[PDB]
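**Student:** Just dropping in an experimental structure and the matching sequence.
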Amino acid sequence: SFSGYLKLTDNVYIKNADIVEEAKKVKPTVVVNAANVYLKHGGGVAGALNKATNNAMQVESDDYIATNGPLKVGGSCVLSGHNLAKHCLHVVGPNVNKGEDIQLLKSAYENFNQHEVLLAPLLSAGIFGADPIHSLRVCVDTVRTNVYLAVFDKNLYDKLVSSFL
């Protein structure tokens, strides 16, 4: 199963890991993607997960958008996890760099509650521009299901654990 995670709460665990490498090792039921509303997986977690699927995630995502239109900020959709997981839960956290409402971060984390266990990144962190300390706080106060957080940056991982209340 998952190994080397530090327990933060009853249901939230954290590890300094590349989520792509974690997904290929564990092959979880659900891997969360830090998606945008158009499912255009260019950079950050989305670009790395899509690259690991040899672009199959992008092709499937384009068909989903052609059929359904864009997601909402705070929303999600379940698609295939390809070679990384059984499913990929594409969740859209607010992108602060695009001036989106940070209050939608709690709504984005609520999508995790529909899945018993997930491998996930910190929503709205990284290139999405939100404070990762705040994202971890919203995660532990919103998600009730088992979430295994993979934090790519070692220095940020150390800061998140050492500042966790």
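**Tutor:** Received the coordinates, thanks. Numbers count the residues shown, from 1 in each chain.
**Student:** Please make it C-alpha for all contacts and neighbour counts, starting now.
**Tutor:** OK.
**Student:** And stretch 39-52, what's buried?
**Tutor:** 39, 40, 41, 45, 46, 47, 48, 49, 50, 51, 52 (16 or more other Cα atoms under 10 Å).
**Student:** Excluding its own residues, what touches it? List them.
**Tutor:** For stretch 39-52, the external contacting residues (Cα atoms under 8 Å, 6 or more residues apart in numbering) are 19-20, 33-35, 56-58, 61-62, 65, 70, 83-84, 90, 121, 126-127.
**Student:** Now, of the residues you listed, which are buried?
**Tutor:** 19-20, 33-35, 56-58, 61-62, 83-84, 90, 121, 126.
**Student:** Narrow those residues to those in strands?
**Tutor:** 33, 34, 90 (DSSP state E).
**Student:** Show me what residue 150 bridges to in the sheet.
**Tutor:** Beta bridges link residue 150 to residue 15 when assigned by DSSP bridges.
**Student:** Let me know whether it touches residue 125 as I believe.
**Tutor:** No - if you go by Cα atoms under 8 Å, residue 150 and residue 125 don't touch, sitting 11.7 Å apart.
**Student:** quick one: residue 86 from residue 119, how far?
**Tutor:** 11 Å (Cα to Cα, to the nearest Å).
**Student:** list the residues that contact both of those two?
**Tutor:** Shared contacts of residue 86 and residue 119, counting by Cα under 8 Å, 6+ apart, come down to 28, 30.
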